[PDB]
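Source file: structure26.csv. Holds: CSV, N, CA and C atoms.
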chain,number,residue,atom,x,y,z
W,22,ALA,N,-8.3,-6.5,8.6
W,22,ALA,CA,-8.4,-5.0,8.6
W,22,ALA,C,-8.8,-4.5,10.0
W,23,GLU,N,-8.2,-3.3,10.5
W,23,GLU,CA,-8.5,-2.7,11.8
W,23,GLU,C,-9.0,-1.3,11.7
W,24,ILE,N,-9.8,-0.9,12.7
W,24,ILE,CA,-10.4,0.4,12.7
W,24,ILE,C,-9.5,1.4,13.5
W,25,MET,N,-9.1,2.5,12.8
W,25,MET,CA,-8.4,3.6,13.4
W,25,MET,C,-9.0,4.9,12.7
W,26,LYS,N,-8.9,6.0,13.4
W,26,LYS,CA,-9.3,7.3,12.8
W,26,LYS,C,-8.1,7.9,12.0
W,27,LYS,N,-8.3,9.0,11.3
W,27,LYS,CA,-7.3,9.7,10.5
W,27,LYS,C,-6.2,10.2,11.4
W,28,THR,N,-6.6,10.7,12.6
W,28,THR,CA,-5.7,11.3,13.6
W,28,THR,C,-4.7,10.2,14.2
W,29,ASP,N,-5.2,9.0,14.3
W,29,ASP,CA,-4.4,7.8,14.8
W,29,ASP,C,-3.4,7.4,13.6
W,30,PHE,N,-4.0,7.2,12.4
W,30,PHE,CA,-3.3,6.7,11.2
W,30,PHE,C,-2.2,7.6,10.7
W,31,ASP,N,-2.5,8.9,10.8
W,31,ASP,CA,-1.6,10.0,10.3
W,31,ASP,C,-0.1,9.8,10.6
W,32,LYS,N,0.1,9.4,11.9
W,32,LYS,CA,1.5,9.1,12.4
W,32,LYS,C,2.3,8.1,11.6
W,33,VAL,N,1.6,7.1,11.0
W,33,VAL,CA,2.2,6.0,10.2
W,33,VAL,C,1.7,6.1,8.7
W,34,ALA,N,1.2,7.3,8.3
W,34,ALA,CA,0.7,7.4,6.9
W,34,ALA,C,1.6,6.9,5.8
W,35,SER,N,2.9,7.3,5.9
W,35,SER,CA,3.9,7.0,4.9
W,35,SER,C,4.3,5.5,4.8
W,36,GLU,N,3.9,4.8,5.9
W,36,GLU,CA,4.2,3.3,5.9
W,36,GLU,C,3.1,2.5,5.2
W,37,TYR,N,2.0,3.2,4.7
W,37,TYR,CA,0.8,2.6,4.1
W,37,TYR,C,0.5,3.2,2.7
W,38,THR,N,-0.4,2.6,2.0
W,38,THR,CA,-0.8,3.1,0.6
W,38,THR,C,-2.3,3.0,0.4
W,39,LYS,N,-3.0,4.1,0.0
W,39,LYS,CA,-4.4,4.2,-0.2
W,39,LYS,C,-4.9,3.5,-1.4
W,40,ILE,N,-5.6,2.3,-1.2
W,40,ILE,CA,-6.1,1.5,-2.3
W,40,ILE,C,-7.5,1.8,-2.7
W,41,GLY,N,-8.2,2.6,-2.0
W,41,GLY,CA,-9.6,3.0,-2.3
W,41,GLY,C,-10.3,3.7,-1.1
W,42,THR,N,-11.7,3.9,-1.3
W,42,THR,CA,-12.6,4.4,-0.2
W,42,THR,C,-13.7,3.4,-0.1
W,43,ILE,N,-14.1,3.0,1.1
W,43,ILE,CA,-15.3,2.3,1.4
W,43,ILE,C,-16.4,3.2,2.2
W,44,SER,N,-17.6,2.8,2.0
W,44,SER,CA,-18.7,3.6,2.7
W,44,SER,C,-19.8,2.6,3.1
W,45,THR,N,-20.4,2.8,4.3
W,45,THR,CA,-21.6,2.0,4.7
W,45,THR,C,-22.8,2.6,4.0
W,46,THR,N,-23.8,1.7,3.8
W,46,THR,CA,-25.1,2.1,3.1
W,46,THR,C,-25.8,3.3,3.8
W,47,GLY,N,-25.5,3.5,5.1
W,47,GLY,CA,-25.9,4.6,5.9
W,47,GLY,C,-25.4,4.6,7.3
W,48,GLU,N,-25.7,5.6,8.1
W,48,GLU,CA,-25.4,5.6,9.5
W,48,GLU,C,-26.2,4.6,10.3
W,49,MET,N,-25.8,3.3,10.3
W,49,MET,CA,-26.6,2.2,10.9
W,49,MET,C,-26.5,2.3,12.4
W,50,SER,N,-25.4,1.7,13.0
W,50,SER,CA,-25.0,1.8,14.4
W,50,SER,C,-23.5,2.1,14.5
W,51,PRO,N,-22.9,2.7,15.6
W,51,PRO,CA,-21.5,3.2,15.6
W,51,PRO,C,-20.5,2.0,15.5
W,52,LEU,N,-20.6,1.0,16.4
W,52,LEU,CA,-19.8,-0.2,16.4
W,52,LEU,C,-20.1,-1.1,15.1
W,53,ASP,N,-21.3,-1.2,14.8
W,53,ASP,CA,-21.8,-2.0,13.6
W,53,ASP,C,-21.2,-1.4,12.3
W,54,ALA,N,-21.1,-0.1,12.2
W,54,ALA,CA,-20.6,0.6,11.0
W,54,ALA,C,-19.1,0.2,10.8
W,55,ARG,N,-18.4,0.2,12.0
W,55,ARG,CA,-17.0,-0.3,12.1
W,55,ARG,C,-16.8,-1.7,11.4
W,56,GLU,N,-17.7,-2.6,11.9
W,56,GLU,CA,-17.6,-4.1,11.6
W,56,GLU,C,-17.9,-4.3,10.1
W,57,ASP,N,-18.9,-3.5,9.6
W,57,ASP,CA,-19.3,-3.5,8.1
W,57,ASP,C,-18.2,-3.0,7.2
W,58,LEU,N,-17.5,-1.9,7.7
W,58,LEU,CA,-16.3,-1.3,7.0
W,58,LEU,C,-15.1,-2.3,7.1
W,59,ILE,N,-14.9,-3.0,8.2
W,59,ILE,CA,-13.9,-4.1,8.3
W,59,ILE,C,-14.2,-5.2,7.3
W,60,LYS,N,-15.5,-5.5,7.1
W,60,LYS,CA,-15.9,-6.5,6.1
W,60,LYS,C,-15.5,-6.1,4.7
W,61,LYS,N,-15.8,-4.8,4.3
W,61,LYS,CA,-15.5,-4.3,3.0
W,61,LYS,C,-14.0,-4.3,2.8
W,62,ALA,N,-13.3,-3.6,3.7
W,62,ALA,CA,-11.8,-3.4,3.7
W,62,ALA,C,-11.0,-4.7,3.6
W,63,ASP,N,-11.3,-5.6,4.5
W,63,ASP,CA,-10.6,-6.9,4.5
W,63,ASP,C,-10.9,-7.8,3.3
W,64,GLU,N,-12.2,-7.7,2.8
W,64,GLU,CA,-12.6,-8.3,1.5
W,64,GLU,C,-11.8,-7.7,0.3
W,65,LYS,N,-11.4,-6.4,0.4
W,65,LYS,CA,-10.5,-5.8,-0.6
W,65,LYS,C,-9.0,-6.0,-0.3
W,66,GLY,N,-8.7,-6.7,0.8
W,66,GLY,CA,-7.4,-7.0,1.2
W,66,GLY,C,-6.6,-5.9,1.9
W,67,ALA,N,-7.3,-4.9,2.5
W,67,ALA,CA,-6.7,-3.8,3.2
W,67,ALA,C,-6.2,-4.2,4.6
W,68,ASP,N,-5.2,-3.5,5.0
W,68,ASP,CA,-4.5,-3.7,6.3
W,68,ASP,C,-5.2,-2.8,7.4
W,69,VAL,N,-5.4,-1.5,7.0
W,69,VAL,CA,-6.0,-0.5,7.9
W,69,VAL,C,-7.3,0.1,7.3
W,70,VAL,N,-8.3,0.3,8.1
W,70,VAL,CA,-9.5,1.1,7.8
W,70,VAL,C,-9.4,2.4,8.5
W,71,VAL,N,-9.4,3.5,7.8
W,71,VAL,CA,-9.2,4.9,8.3
W,71,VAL,C,-10.5,5.6,8.3
W,72,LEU,N,-11.2,5.7,9.4
W,72,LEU,CA,-12.5,6.4,9.6
W,72,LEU,C,-12.2,7.9,9.4
W,73,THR,N,-12.3,8.3,8.1
W,73,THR,CA,-12.2,9.7,7.7
W,73,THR,C,-13.6,10.4,7.7
W,74,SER,N,-14.0,10.6,9.0
W,74,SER,CA,-15.4,11.0,9.3
W,74,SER,C,-15.5,11.0,10.9
W,75,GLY,N,-14.8,10.0,11.5
W,75,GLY,CA,-14.8,9.8,12.9
W,75,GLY,C,-15.6,8.6,13.3
W,76,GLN,N,-16.2,8.5,14.5
W,76,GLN,CA,-16.9,7.4,15.0
W,76,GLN,C,-17.8,7.8,16.2
W,77,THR,N,-18.4,6.8,16.8
W,77,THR,CA,-19.3,7.0,18.1
W,77,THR,C,-20.5,7.9,17.8
W,78,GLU,N,-21.1,7.7,16.6
W,78,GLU,CA,-22.3,8.4,16.1
W,78,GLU,C,-22.1,9.9,15.9
W,79,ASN,N,-20.8,10.4,16.0
W,79,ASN,CA,-20.5,11.8,16.0
W,79,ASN,C,-20.6,12.4,14.6
W,80,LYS,N,-21.8,12.6,14.1
W,80,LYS,CA,-22.1,13.2,12.7
W,80,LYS,C,-21.5,12.4,11.6
W,81,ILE,N,-21.4,11.0,11.8
W,81,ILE,CA,-20.8,10.1,10.8
W,81,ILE,C,-21.9,9.5,9.9
W,82,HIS,N,-21.5,9.2,8.7
W,82,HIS,CA,-22.3,8.3,7.8
W,82,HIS,C,-21.6,6.9,7.8
W,83,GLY,N,-20.3,7.0,7.6
W,83,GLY,CA,-19.5,5.8,7.6
W,83,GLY,C,-18.6,5.7,6.4
W,84,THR,N,-17.8,6.8,6.1
W,84,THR,CA,-16.8,6.8,5.0
W,84,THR,C,-15.4,6.6,5.6
W,85,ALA,N,-14.7,5.7,5.1
W,85,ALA,CA,-13.4,5.3,5.5
W,85,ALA,C,-12.4,5.0,4.3
W,86,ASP,N,-11.2,5.6,4.4
W,86,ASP,CA,-10.2,5.3,3.3
W,86,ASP,C,-9.4,4.0,3.7
W,87,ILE,N,-9.3,3.1,2.8
W,87,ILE,CA,-8.7,1.8,3.0
W,87,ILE,C,-7.2,1.8,2.5
W,88,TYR,N,-6.3,1.3,3.4
W,88,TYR,CA,-4.9,1.4,3.2
W,88,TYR,C,-4.3,0.0,3.3
W,89,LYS,N,-3.2,-0.3,2.6
W,89,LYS,CA,-2.4,-1.5,2.6
W,89,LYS,C,-1.0,-1.1,3.1
W,90,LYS,N,-0.4,-2.1,3.9
W,90,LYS,CA,1.0,-1.9,4.4
W,90,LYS,C,2.1,-2.2,3.4
W,91,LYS,N,3.2,-1.4,3.5
W,91,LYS,CA,4.3,-1.6,2.6
W,91,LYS,C,5.2,-2.8,3.1
W,92,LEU,N,4.9,-4.0,2.6
W,92,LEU,CA,5.6,-5.2,3.0
W,92,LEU,C,7.1,-5.2,2.5
W,93,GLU,N,8.0,-5.5,3.4
W,93,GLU,CA,9.5,-5.4,3.1
W,93,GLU,C,10.0,-6.8,2.6
W,94,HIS,N,11.1,-6.7,1.9
W,94,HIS,CA,11.8,-7.9,1.2
W,94,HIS,C,13.3,-7.7,1.2
W,95,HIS,N,14.0,-8.1,2.3
W,95,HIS,CA,15.4,-8.1,2.5
W,95,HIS,C,16.1,-6.7,2.5
W,96,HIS,N,15.4,-5.6,2.0
W,96,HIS,CA,15.8,-4.2,2.2
W,96,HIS,C,15.8,-3.8,3.6
W,97,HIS,N,16.9,-4.1,4.4
W,97,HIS,CA,16.9,-3.9,5.8
W,97,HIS,C,17.1,-2.4,6.2
W,98,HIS,N,17.8,-1.7,5.3
W,98,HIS,CA,18.2,-0.3,5.4
W,98,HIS,C,19.1,-0.2,6.7
W,99,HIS,N,20.4,-0.6,6.5
W,99,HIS,CA,21.4,-0.6,7.5
W,99,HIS,C,21.0,-1.7,8.6
What do you get writing this file as structure tokens?
Amino acid sequence: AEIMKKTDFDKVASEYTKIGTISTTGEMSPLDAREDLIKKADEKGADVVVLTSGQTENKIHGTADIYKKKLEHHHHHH
């Protein structure tokens, strides 16, 4: 699982699927919150962790929507 914001993820939103929301126990540390959310997300099998709150201690608790990628199977589309 990787850390991106909603602004970053939005561009490729239709390529992924929301499997749930993860949350840190609280606003611990900025980079540490990321790592803890990567722990949860990757444990749930998520491809992307979408910080729907932001990062860098900017009024964040640590809520992120977890998404999985749409894996393709011979459907080349031309």
Which one of W:25, W:32, W:60, W:39 sits closest to residue W:90 if you count all atoms listed in the file?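 Among W:25, W:32, W:60, W:39, it is W:39 that comes nearest to residue W:90.
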Write out as an MDAnalysis selection string all residues of chain W that DSSP puts in strand (DSSP E or B) for this structure's backbone. chainID W and resid 23:26 37:44 69:72 84:90
Using all atoms listed in the file, the best pick from W:51, W:46, W:95, W:23 as closest to residue W:79 would be W:51
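Among the candidate residues W:68, W:59, W:89, W:26, the one lying nearest to residue W:40 is W:89, with distances computed using only N, CA and C atoms.
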Could you pull out all residues of stretch 32-81 of chain W with a DSSP call of helix (DSSP H, G or I) and give them as a PyMOL selection string? chain W and resi 32-36+51-64
Correct to one decimal, the distance atom CA of residue W:81-atom CA of residue W:63 is 20.8 Å
Can you tell me how far atom N of residue W:57 sits from atom C of residue W:34, in Å to one decimal?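 Separation of atom N of residue W:57 and atom C of residue W:34: 23.3 Å.
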Rank W:47, W:84, W:92, W:70 by their smallest atom-to-atom distance to residue W:29, using only C-alpha atoms, and report the top residue only.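 Under the stated criterion, the closest residue is W:70.
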Can you work out which one of W:24, W:99, W:87, W:31 has the shortest atom-to-atom distance to residue W:56, counting all atoms listed in the file?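 The closest residue to residue W:56 is W:24.
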Give me the residues near residue W:61 as a list in words, where near means some atom within 9 Å (using only C-alpha atoms) and where sequence neighbours in that chain fewer than 6 positions away do not count.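 In the requested form, the answer reads residues 43, 44, 45 and 67 of chain W.
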Output of the above residues as a PDB file, in the coordinates of the input, restricted to N, CA and C atoms:
ATOM      1  N   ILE W  43     -14.100   3.000   1.100  1.00  0.00           N
ATOM      2  CA  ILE W  43     -15.300   2.300   1.400  1.00  0.00           C
ATOM      3  C   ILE W  43     -16.400   3.200   2.200  1.00  0.00           C
ATOM      4  N   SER W  44     -17.600   2.800   2.000  1.00  0.00           N
ATOM      5  CA  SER W  44     -18.700   3.600   2.700  1.00  0.00           C
ATOM      6  C   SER W  44     -19.800   2.600   3.100  1.00  0.00           C
ATOM      7  N   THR W  45     -20.400   2.800   4.300  1.00  0.00           N
ATOM      8  CA  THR W  45     -21.600   2.000   4.700  1.00  0.00           C
ATOM      9  C   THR W  45     -22.800   2.600   4.000  1.00  0.00           C
ATOM     10  N   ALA W  67      -7.300  -4.900   2.500  1.00  0.00           N
ATOM     11  CA  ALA W  67      -6.700  -3.800   3.200  1.00  0.00           C
ATOM     12  C   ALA W  67      -6.200  -4.200   4.600  1.00  0.00           C
TER      13      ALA W  67
END
With distances taken over all atoms listed in the file, which of W:86, W:48, W:78, W:22 is nearest to residue W:64? W:22
Just how far from atom C of residue W:50 is atom C of residue W:77, in Å to one decimal? 7.3 Å
Serialized stretch 51-66 of chain W w/ N, CA, C and O atoms as an mmCIF file, in the first residue's frame:
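Result file follows (result_13.cif):
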data_model
loop_
_atom_site.group_PDB
_atom_site.id
_atom_site.type_symbol
_atom_site.label_atom_id
_atom_site.label_comp_id
_atom_site.auth_asym_id
_atom_site.auth_seq_id
_atom_site.Cartn_x
_atom_site.Cartn_y
_atom_site.Cartn_z
ATOM 1 N N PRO W 51 3.305 12.875 11.933
ATOM 2 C CA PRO W 51 2.863 12.998 10.505
ATOM 3 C C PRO W 51 3.270 11.783 9.627
ATOM 4 O O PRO W 51 2.417 11.169 8.970
ATOM 5 N N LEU W 52 4.573 11.453 9.632
ATOM 6 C CA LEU W 52 5.127 10.332 8.851
ATOM 7 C C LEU W 52 4.725 8.991 9.494
ATOM 8 O O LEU W 52 4.435 8.034 8.792
ATOM 9 N N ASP W 53 4.693 8.959 10.837
ATOM 10 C CA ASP W 53 4.291 7.760 11.618
ATOM 11 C C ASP W 53 2.828 7.366 11.349
ATOM 12 O O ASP W 53 2.512 6.174 11.281
ATOM 13 N N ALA W 54 1.959 8.380 11.190
ATOM 14 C CA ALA W 54 0.531 8.177 10.875
ATOM 15 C C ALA W 54 0.395 7.490 9.514
ATOM 16 O O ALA W 54 -0.385 6.552 9.365
ATOM 17 N N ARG W 55 1.219 7.954 8.547
ATOM 18 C CA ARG W 55 1.314 7.348 7.210
ATOM 19 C C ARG W 55 1.637 5.849 7.311
ATOM 20 O O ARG W 55 0.905 5.038 6.773
ATOM 21 N N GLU W 56 2.712 5.522 8.060
ATOM 22 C CA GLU W 56 3.244 4.144 8.179
ATOM 23 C C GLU W 56 2.216 3.207 8.826
ATOM 24 O O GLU W 56 2.060 2.062 8.410
ATOM 25 N N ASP W 57 1.516 3.734 9.843
ATOM 26 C CA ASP W 57 0.477 3.003 10.591
ATOM 27 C C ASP W 57 -0.742 2.727 9.687
ATOM 28 O O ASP W 57 -1.325 1.634 9.717
ATOM 29 N N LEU W 58 -1.077 3.715 8.842
ATOM 30 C CA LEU W 58 -2.152 3.581 7.843
ATOM 31 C C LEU W 58 -1.745 2.638 6.687
ATOM 32 O O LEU W 58 -2.598 1.935 6.152
ATOM 33 N N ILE W 59 -0.444 2.600 6.328
ATOM 34 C CA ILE W 59 0.074 1.621 5.341
ATOM 35 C C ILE W 59 -0.027 0.204 5.923
ATOM 36 O O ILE W 59 -0.383 -0.727 5.206
ATOM 37 N N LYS W 60 0.265 0.078 7.234
ATOM 38 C CA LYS W 60 0.111 -1.183 7.980
ATOM 39 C C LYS W 60 -1.322 -1.713 7.846
ATOM 40 O O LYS W 60 -1.516 -2.836 7.375
ATOM 41 N N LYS W 61 -2.308 -0.870 8.224
ATOM 42 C CA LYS W 61 -3.738 -1.253 8.178
ATOM 43 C C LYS W 61 -4.168 -1.618 6.750
ATOM 44 O O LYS W 61 -4.657 -2.717 6.510
ATOM 45 N N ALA W 62 -3.901 -0.702 5.812
ATOM 46 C CA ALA W 62 -4.324 -0.823 4.409
ATOM 47 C C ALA W 62 -3.788 -2.097 3.758
ATOM 48 O O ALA W 62 -4.551 -2.889 3.209
ATOM 49 N N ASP W 63 -2.469 -2.284 3.867
ATOM 50 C CA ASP W 63 -1.762 -3.416 3.246
ATOM 51 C C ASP W 63 -2.214 -4.742 3.896
ATOM 52 O O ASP W 63 -2.360 -5.761 3.209
ATOM 53 N N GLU W 64 -2.464 -4.698 5.227
ATOM 54 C CA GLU W 64 -3.051 -5.831 5.986
ATOM 55 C C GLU W 64 -4.463 -6.198 5.444
ATOM 56 O O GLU W 64 -4.826 -7.379 5.391
ATOM 57 N N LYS W 65 -5.253 -5.177 5.036
ATOM 58 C CA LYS W 65 -6.565 -5.396 4.367
ATOM 59 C C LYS W 65 -6.405 -5.706 2.853
ATOM 60 O O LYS W 65 -7.406 -5.980 2.178
ATOM 61 N N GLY W 66 -5.157 -5.659 2.332
ATOM 62 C CA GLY W 66 -4.875 -5.999 0.927
ATOM 63 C C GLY W 66 -5.070 -4.841 -0.053
ATOM 64 O O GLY W 66 -5.195 -5.069 -1.261
#
